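Below is one structure, written out as structure tokens; the observations come after it.
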Protein chains: 2
Amino acid sequence: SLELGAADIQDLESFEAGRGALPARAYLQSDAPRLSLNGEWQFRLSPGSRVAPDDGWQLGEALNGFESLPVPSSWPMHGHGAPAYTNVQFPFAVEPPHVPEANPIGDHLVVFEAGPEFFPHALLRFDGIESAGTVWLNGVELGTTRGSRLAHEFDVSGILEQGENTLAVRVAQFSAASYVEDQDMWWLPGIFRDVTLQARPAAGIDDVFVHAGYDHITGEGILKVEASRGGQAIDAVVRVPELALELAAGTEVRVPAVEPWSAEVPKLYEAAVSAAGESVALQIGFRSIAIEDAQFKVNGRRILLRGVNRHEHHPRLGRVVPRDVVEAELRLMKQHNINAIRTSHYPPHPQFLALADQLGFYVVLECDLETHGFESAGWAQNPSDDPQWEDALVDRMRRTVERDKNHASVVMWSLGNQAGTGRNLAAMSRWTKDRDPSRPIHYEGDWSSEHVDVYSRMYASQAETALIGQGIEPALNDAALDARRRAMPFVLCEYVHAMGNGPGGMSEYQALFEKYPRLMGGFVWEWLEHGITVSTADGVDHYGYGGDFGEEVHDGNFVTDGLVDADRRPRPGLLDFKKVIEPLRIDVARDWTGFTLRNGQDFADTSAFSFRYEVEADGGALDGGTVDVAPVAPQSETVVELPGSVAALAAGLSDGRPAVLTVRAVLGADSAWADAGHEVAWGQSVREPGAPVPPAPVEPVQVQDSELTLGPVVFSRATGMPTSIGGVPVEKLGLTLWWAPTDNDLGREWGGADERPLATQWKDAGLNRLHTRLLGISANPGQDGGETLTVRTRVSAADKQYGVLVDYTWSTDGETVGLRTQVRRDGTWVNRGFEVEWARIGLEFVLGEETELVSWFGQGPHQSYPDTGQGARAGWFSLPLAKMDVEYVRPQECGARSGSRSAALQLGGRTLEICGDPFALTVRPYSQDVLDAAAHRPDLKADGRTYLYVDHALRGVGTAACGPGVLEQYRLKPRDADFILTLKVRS
Amino acid sequence: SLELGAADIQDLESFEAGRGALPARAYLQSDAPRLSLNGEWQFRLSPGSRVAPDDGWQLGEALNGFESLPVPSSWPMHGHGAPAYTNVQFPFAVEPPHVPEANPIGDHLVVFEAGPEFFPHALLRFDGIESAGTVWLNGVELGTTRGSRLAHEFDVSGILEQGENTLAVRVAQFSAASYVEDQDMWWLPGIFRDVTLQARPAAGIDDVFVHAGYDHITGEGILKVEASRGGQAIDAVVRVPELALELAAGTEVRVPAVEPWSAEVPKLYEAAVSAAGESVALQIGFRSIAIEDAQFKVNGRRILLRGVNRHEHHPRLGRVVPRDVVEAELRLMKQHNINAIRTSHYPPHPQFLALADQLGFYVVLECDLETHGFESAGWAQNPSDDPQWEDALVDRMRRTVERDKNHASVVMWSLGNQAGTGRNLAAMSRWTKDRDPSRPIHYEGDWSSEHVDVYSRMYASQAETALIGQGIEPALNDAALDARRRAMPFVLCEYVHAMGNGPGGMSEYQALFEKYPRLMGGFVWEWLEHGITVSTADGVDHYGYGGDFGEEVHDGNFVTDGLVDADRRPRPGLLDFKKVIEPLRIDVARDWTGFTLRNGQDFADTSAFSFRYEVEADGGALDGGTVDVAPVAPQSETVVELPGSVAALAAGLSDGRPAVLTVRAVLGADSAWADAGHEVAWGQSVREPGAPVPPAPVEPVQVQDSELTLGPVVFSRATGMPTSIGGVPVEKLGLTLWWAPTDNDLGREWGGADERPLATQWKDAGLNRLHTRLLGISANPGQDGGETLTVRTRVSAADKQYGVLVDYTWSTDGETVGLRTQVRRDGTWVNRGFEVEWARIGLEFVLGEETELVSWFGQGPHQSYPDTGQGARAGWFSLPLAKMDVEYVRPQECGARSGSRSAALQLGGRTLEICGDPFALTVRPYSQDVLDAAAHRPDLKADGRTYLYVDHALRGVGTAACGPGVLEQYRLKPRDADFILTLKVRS
Ligand SMILES: OC[C@H]1O[C@@H](O)[C@H](O)[C@@H](O)[C@H]1O
Ligand SMILES: OC[C@H]1O[C@@H](O)[C@H](O)[C@@H](O)[C@H]1O
Ligand SMILES: OC[C@H]1O[C@@H](O)[C@H](O)[C@@H](O)[C@H]1O
Ligand SMILES: OC[C@H]1O[C@@H](O)[C@H](O)[C@@H](O)[C@H]1O
Ligand SMILES: OC[C@H]1O[C@@H](O)[C@H](O)[C@@H](O)[C@H]1O
Ligand SMILES: OC[C@H]1O[C@@H](O)[C@H](O)[C@@H](O)[C@H]1O
Ligand code: NA
Ligand code: NA
């Protein structure tokens, strides 16, 4: 046997959960001496095990080949190799437990000093190594690590020396464990969480298990704090000063009056558990979880989960998320009405849990297990059902549960994600139910729900969710399993996939969640885009995605699918989500005399809020103030009268003049997660402006050799299009039916005979390449010598027989211009046997000047499409042109402002004003073809023109990249249509 | 009505066949004064009719805007606009008769002088204008032209002036006629054929209709020459000196003994038809065409059509083909055994016909009509069935027939191509049968064959062709039409689509053509690639195809689909086609005592040929000479004994020594189309070399720290691959299963549930991204202390569970190296529910040095794949590395030499020699990934290495880009396999 590296590879191919580590336990704050070994280490990278040197480097001998590297790190974020993104597909041949030859091996070394406080006993702790570590101290092998996002501790007693010590860690990127770590995220090897030396004094405390329940009938807490050392229960004293408690560890007591913990009111009691040689500090939240009457209840009440799936990602550091970024992102979540987090799909940094306890989130704490890449082979060889993997998978669940079991915020344990079904998942569930019956078990992969306590799905349609909400879904074949599942509450562990422009359809889910007790709510996929900061050859920073790092196989921009970008800047979807899930409902009366207020919270009343009103008109705010609202109980409602000055204004306003009344609930005082005045909920009542009044057509058409003039409009006799309006140059005017496909439009809409993505349907139909033929131009008699001008055109595409006849009728009184557009289908819009849907029915004006500022009356400030824009409120808005865009990583259709009634574009020294019945407004400095072709933001370039889109109709954006497409009510099928606009130019 | 250009556009949208032209007539060589107006004209281009100036330019006033342009020309070939390629799809919206707004309008002007010989009567002739011309002379509008490849003449009597004249022609690229001119070719506007002034003397001859039949029973000619002036029969004298004839025009006579015309023996008789004021010169070929007993017969005998489809294209001049290029390409066709031409899909230059008469080709002369782009809408609005188009389509057929009716080479009239079915095609057929019953009518678009005389198909499979050949195809529903069609002879007007590497499957068609009298033969699609010469930014010339000229819609490289490149350089397909269709069959006896000879000609005996033999061995020619063969009658065979010295050599050769006997039929004397010694047919008998003798394994394996040595081979202990063989550096050795997709592999194979192109099947299966895992390396006991080395590997792809186990066993005696490769499937090669076919089972050696010369024993000199290579004969070959490649316009798999038994690569100062049972040999200076990624030849770059492919199995190439894919016998399904090679390095 002559090949090199055989012993290293046999270890990497092991089915065992590693070796040599101390038993799994909780992460505990203790007074035992602690030394962090994080800092600058030495690092050497080899391309695989067979060439990784065996040169005594573990002693500090072979310094050459090594260079400085920060630890913790994801090493490809620091110039060593490259990140690689795959969604489902494995990046290596699927033949478990074997590893590919190209397998980056990273050797890490650090020298540190240990004082006498670390003797006689100490351990070394590793909070995360992706994916396989072998650890040596002073040349002695301590053992190995498996379970990339799980903690391992090694006893160093008798190996650690007083004074200098040399720690060496060989990390393999790929191992047998990679087959059970196939999450949809970047593959990033490294020692990516804390490395800590901890003294283990005699008569200490190794593990603690807090049991802190709440009896909602009596208001009592139920407390038992177990404590152990070396696997044996120990005498220890538990002190909870705020509750006047001093009790023995291991005894259950009833605490007469506790304030219970919830995400809404995250009450924590400081406690200490003390033995002779060590004391542990705890924060105890009293809460009990129950499943009863097909409802998920906390402290005796059904709750509504307004959730996100949170991965750990940083655009420059990879899987290392600095604490300040964590704290800020959790506050950002609370600022957007989120109350729940799923740790997709592995345990988070150990210090995350205390922050969730403190700020208040219901947490689904998920084990590091995902075998999704076996699905393509019908789950053949799936680790979850293979006996050889049982110990490894039970170990993952054990380490997951033991680490985080003391945290009130953890309300459910999840077995993993997309791991199929099998005997080892059942073993993990059995182990967990025996160890910790206080928390229900979650796992979506087995729809029969045989081994879980809630029924979980991902991306079930709104329609199917309504059936489940009513308890009327189709039955499982096994009547006993059906009876069990039908009596379970239902959660969407992933829904409304938030990739690109979207997600559409959030309101339809939310109405169901709020109506049906069996529906627990849902967790958006996902909180963040995993963009990675890169730069062009000219130094322009932007986010990269799959394939931008030379990957042979990858899934492109499916890793940029979040509510916020990788720097935690909100996408429009987050602003809409905040509104959709707002925990108070404010319904303002049409007559402005008051509002109905529903408190949708589960535990808190409305006393935390200040209720403010404001009336705005074109000239600015006409009135505003606060109203005193007697606190409304959870799940109750009331009617609140507004001050008489508000209704007096409504009465006084001349009909047709626009005005907006907004009632908002803001924090009355600072909280831990936002300042006083932070807006939580709002409602409005709008007095809409009258429809536009087209001008009397009293100006005649003047005929020149090559142009026509009609008041302030000049037209080409060769094209029929305006070439200037009030001196604003017009390069082109034409009909639009298409937009640059969103990420959702690039997804297949399964079901029905046509499974092409909408983008492909449009391409095949030629909708991305429309052309216009001029049929004729004629003047018609107007008023008092004036005339109208009708330009007749037909729009179609090369090689197609279908078209739309489009007639433009122009009129003017010399100041205002009227434009009537009439669209009539000429032939059936069917291509390849299927109907061709449209993106819009609108006009594109290409103006020969740049726009500095865009103002409008409608909704805003951010974009809105028919099935989004919940967060866009009625009002007057004004933005610099650059701020109208949306910085999606892959540029795509975005930035439309639906529901507009008037718009004004400042183009140098002139203002172009447009009025209509509701229209969508978009303004860009580059064309739709530039937007479509661009794969990253630096591909966009301004060309000196203004591209102005006025849409009479728009389709929705849906979630077709993963889950439901556009719901029927928001689809735009071909139709005939007519609409009027008025235009004016002010100088 | 205020738009510009309305009158011009109404004319362009006219359904009429133009206006003002003289009646259609023959192209006739006459003694009337003729002046060619070809030369340097003045030219101005506008983007459409609405902006095309009406500035009096027709008089020579508006010189500015005009620049010099050669006429004839295709104007986009001279920097004015750009060529655009579409196959089927129209490049404009389909709404006949309307034209798009973007419609290049080219104004052409020339001043010329006319002497007194052009008075009182003269005409102007235009032999082609694409697509719509309006003609003025001295400011007077003569009329308009429709039918782009048809001739028009205009009377200029009373308009032409003695002295200076100004001719003006406005040409529109697009018109209503574009809807009936949708051939698969470049769209190229221009005045692209001759412009001629012709005097029309009094008492002259306007038209002549030659009728020249042949009675094969008596050997007599049947002659009648009709002559007319102004539509009336005239007295004229017909003189045929070689036949001693002086007769009146309009009288039918029997000529006692004529030598008949055929493509094989194109006998022409010079004749003159003379009236008082004009004489016409003719070449008369006597031949009669008959359909009888379901056979197409000429001069009483069934013929076999060995044909090509000939478009008119030049890579720098467009639709203008210089006469010297025409003459050379026709000789090239004859040099490759072609005897028939289809003028796809329009009449050729008028002077082509005399060349076909003279050189000898059976011509299918096809009308300028193709409406293929209406098929996508179910033929809705198809001009062929629309009454408004009747006059226009009958006019096209009339002009087609009248121009060329006097030519013996025209044996069938074709109505057009891919024009669907309809009443106007029936009208065209009726008109033609009435006007010229001497020629059968062809049209493939109506499979019922109701209005034609032969049954024509395009790309019918070999299987379906065999059924038709036997008269057993499924019946038409109408019993009367079925009886008619079943009694028709059958032609493939297009078959064996010759795009890229291919066409495969030619032999299977040819065997049927030769076996079944009803099968007339076939015309390859197509003679030439329509490449257009372009240059890179660095000045590297190459051919461009669709999309290389900025087209919005195009069909890519489907215009480069020929047997020769646009400069008439043969592709390998032409060399194979020549052999497939060779008109003599030479079957050499295994014992080298003689050969059987079949004369497959229809009229000629074998007296034109010299029969030569040659015996070659490794050292060179051992013997050769000529053998006297008594002339063999058409369709007969004989046995010919070879000189005894040949068999004496065979007897004397030691068994296992290779030797090749080749018998060839060459021209004994110069012909009009090739020189004496030109090879027409050949056959061989091969004494094959013995199988390779692997060495005695008497050298042991020497183990070093990181390498192993086994005689002259060094191996890496990290990869198991050789790193040098005899000092030749080896960068990589591995198994191959894939090749860079050919044009055929990018085509869909219709039928069955899987219609992905093979290239897509491979991509989805990961066959283009295989990786290898090392399982182990071990030494085994050899002989007398020696050892063998077995390297065990597994080949698979990321995210797939299927693989192949590949074991390499190495042995050496210190000079020769033995390599045994064993391949075993591990799991089923099924992906997306369908079996994954392989391109090959072979080895790729990547050598770290450049190869200067490649030599081999096998077949050659050109490439061969399992279903091609008919033209590659057995022998010894040697080529510089560059000449091993094939210069396809889109680079793709090519250059394999199948059937090799030994190869030698000269790499600097060393020669690497390889021996095996039959293997395919390929050698390249760039990798397969470079070949696949390259879209044009300058994308290929040498990297300083040698890529050597040794294939134990290869799949065929088929014709799946259009028509049959690889036939079952040539497909390569996954299998287990083993094979032996020997290697030696000589310094
Ligand atoms: O777990 C390791 C990480 O822990 C975070 O809390 C810290 O802010 C980061 O800098 C890094 O050290
Ligand atoms: O003010 C900036 C941000 O800071 C928070 O503290 C505040 O409460 C939020 O509403 C947000 O506006
Ligand atoms: O009359 C203006 C027209 O210009 C053409 O160049 C274009 O193809 C048409 O779609 C239309 O825009
Ligand atoms: O028909 C026009 C063409 O005719 C060819 O015979 C000639 O060689 C070309 O130069 C061009 O004049
Ligand atoms: O010799 C060059 C070429 O020229 C032809 O005249 C000859 O007959 C052909 O066989 C070809 O070889
Ligand atoms: O042992 C050599 C190997 O090297 C790796 O880098 C490659 O992925 C494998 O396919 C194989 O070539
Ligand atoms: Na884009
Ligand atoms: Na290629």
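Proteins come first, then strands; the chains are lettered A, B, ... in the order of their sequence lines, and each starts at number 1. Quick note: numbers below take in every heavy atom, side chains included, and nothing from hydrogens, waters or symmetry partners. Order of appearance sets the numbers: ligands from 1, and atoms from 1 within every ligand.
Here the protein heavy atom with the shortest distance to atom 7 (C) of ligand 4 is B/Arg323 N, 3.8 Å. Protein heavy atom closest to atom 9 (C) of ligand 4, with residue, atom name and distance, is B/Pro322 CA, 4.0 Å. Protein heavy atom nearest atom 1 (O) of ligand 4, with residue, atom name and distance: B/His349 NE2, 2.7 Å. In terms of protein heavy-atom proximity, atom 6 (O) of ligand 6 is closest to A/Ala102 CB, 3.9 Å. Of all protein heavy atoms, the one lying nearest to atom 2 (C) of ligand 6 is B/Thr719 CG2, 4.0 Å. At the shortest separation from atom 8 (O) of ligand 6 among protein heavy atoms lies B/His771 ND1, 3.0 Å. Here the protein heavy atom with the shortest distance to atom 4 (O) of ligand 6 is A/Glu101 CB, 4.5 Å.
Listed by number with element, the atoms of ligand 4 under 4.0 angstrom from any heavy atom of B/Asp194 are 1 (O), 2 (C), 4 (O), 12 (O).
Between A/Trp739 and A/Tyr865, the ring planes are perpendicular. Angles over 60° get that label, and only those under 30° would be called parallel. In this structure, B/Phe126 and B/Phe154 have perpendicular ring planes: the angle between them is above 60°, well past the 30° mark. A/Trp187 and A/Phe90 have tilted rings, their planes meeting at an angle from 30° to 60° on a 0 to 90° scale.
When non-hydrogen atoms are compared, ligand 4 lies under 4.0 Å from neither the backbone nor the side chain of B/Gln351. Counting heavy atoms under 4.0 Å from ligand 4, residue B/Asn38 touches it through the side chain alone.
Put simply, CZ on A/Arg890 and CD on A/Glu529 are 12.0 Å apart, with the number rounded to the nearest 0.5 Å. Taking NE2 of A/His80 as the start and CG of A/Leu45 as the end, the distance is 7.5 Å to the nearest 0.5 Å.
In this model, a donor atom of one side chain and an acceptor atom of the other lie less than 3.5 Å apart for A/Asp885 and A/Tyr926. A donor-acceptor pair shorter than 3.5 Å can be found between the side chains of B/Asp357 and B/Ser409. Looking only at atom types and distance, the side chain of B/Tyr346 has a donor-acceptor partner in the side chain of B/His311 under 3.5 Å away. A donor and an acceptor atom, one from each side chain of B/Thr533 and B/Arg316, are located under 3.5 Å apart. Side-chain contact, A/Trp762 with A/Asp745: no donor N or O sits under 3.5 Å from an acceptor N or O.
The Na ion (ligand 7) lies at 3.0 Å or more from every N, O or S atom belonging to A/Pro741. Residue contact annotation: A/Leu931 places an N/O/S atom under 3.0 Å from the Na ion (ligand 7). Coordination check, A/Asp932 versus the Na ion (ligand 7): passed, since an N/O/S atom of the residue sits under 3.0 Å. Here A/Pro891 meets the criterion, with an N, O or S atom under 3.0 Å of the Na ion (ligand 7).
In this structure, atom 12 (O) of ligand 4 has protein heavy atoms in its sub-4.0 angstrom surroundings.
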query: Which is it for A/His554 and A/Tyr545 under the ring-ring contact (aromatic ring centres under 6.0 Å, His included) test, yes or no, and what are the steps along the way?
result: CA-CA 9 Å; A/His554 64 85; A/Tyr545 49 71; 8.4 Å; no

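Atom 10 (O) of ligand 6 has its nearest heavy-atom neighbour, among B/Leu733, B/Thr772, B/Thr793, B/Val795, in B/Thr772.
For the pair B/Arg193 and ligand 4, the shortest N or O to N or O distance does not fall below 3.5 Å.
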